[PDB]
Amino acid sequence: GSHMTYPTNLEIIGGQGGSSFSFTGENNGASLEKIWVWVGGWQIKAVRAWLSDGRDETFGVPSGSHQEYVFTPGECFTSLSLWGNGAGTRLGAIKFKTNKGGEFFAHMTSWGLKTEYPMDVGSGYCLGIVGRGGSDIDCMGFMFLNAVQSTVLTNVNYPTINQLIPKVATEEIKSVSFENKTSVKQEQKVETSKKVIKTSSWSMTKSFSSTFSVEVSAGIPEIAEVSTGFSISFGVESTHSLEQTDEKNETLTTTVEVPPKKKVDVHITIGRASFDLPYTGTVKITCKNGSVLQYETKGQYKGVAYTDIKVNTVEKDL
């Protein structure tokens, strides 16, 4: 009585003729984006499906006109029922409703419908379809991702980061001038504050990111001003959102030495850098039922990062 749970939920209805097919995003997180259904008198005749990664395949042999459903990003199933043709030999009908208020019903046209099979749609996120086709749709089911506990983008790498030479724009914060009339050392306290807005963005297919709250477990590219240039350090690992912004009041206290019979000009600045670079990582979906679905992904990271506040003092003799 060992019990197995799975990250997907799939119930296939119909007969056992035809040849098996499996058309799902279960290895890359792709979802069902569009479906065309053709019907006959005593069967679903054919199905054409488009997944959000651009795959497009037809099962069975179309005849007549089709019915269409176009799913928008974030649109999930709220319910699904399938019918066989009543004889156990073909799929007979598909009915569903979505979380955007849509409803779709496609059914054989001659024979009356018999036993309805209502399905659990899991999370509501449909990964595609699986079944058997020949001239017709012998059998089919819709594959759903089961309800999700967490969705994490982890194992993030930036494979061009070491090659990259970042452009650091200087922002002026303040300049102050002092003059020391006396023949003895002077010291001046200078306090600086400046609002900095650091941002991080990891791109993601919009279907997946509209449906799930993706946490990011990653290091953030950072800038420090090295004496021989600017290097993009790949910082310490922590948790973020896919689009993240962190504001603060960056501050510094400087004690400026003003020698005798000298004027000192103090110039206070900060450096700003925009990263725009590829990343790779692993999407890890953990379902409520304990199972996991993971897959490798790649995208673009965009970052805005700042140096420390910099103080430059220029001494002159008046």
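One rule holds for the numbers: they count along the sequence shown, beginning at 1.
Asker: Which is higher on mean Cα B factor in this entry, 133-141 or 244-252?
Answerer: Per the PDB entry, the higher value belongs to 244-252.
Asker: Of 276-284 and 47-55, which one has the bigger average CA B-factor?
Answerer: Higher mean C-alpha B-factor: 276-284.
Asker: Of 91, 184, 152, 119, which one's C-alpha B factor is largest in the deposited record?
Answerer: Of the candidates given, the C-alpha B-factor peaks at 184.
Asker: Specify which of 78, 209, 162, 201 carries the largest Cα B factor in the deposited PDB entry.
Answerer: Checking the PDB record, the top C-alpha B-factor among 78, 209, 162, 201 is at 162.
Asker: If you rank the chain by CA B-factor, which third does residue 270 end up in: lowest, middle or highest?
Answerer: As the PDB entry reports it, the C-alpha B-factor of residue 270 lands in the middle third of its chain.
Asker: Using the B-factor values recorded in the entry, state whether the Cα atom of residue 111 falls in the lowest, middle or highest third among the modelled residues of its chain.
Answerer: Its C-alpha B-factor belongs to the middle third of this chain's values.
Asker: Mind checking which third residue 260 falls in for C-alpha B-factor across the chain?
Answerer: It belongs to the highest third of the chain when residues are ordered by C-alpha B-factor.
Asker: Pull the Cα B-factor of residue 127 out of the PDB entry and bin it into the chain's lowest, middle or highest third.
Answerer: Within its chain, residue 127 is a lowest-third residue by C-alpha B-factor, going by the deposited values.
Asker: In terms of the chain's CA B-factor thirds, is residue 189 lowest, middle or highest?
Answerer: Residue 189: CA B-factor falls in the highest third of its chain.
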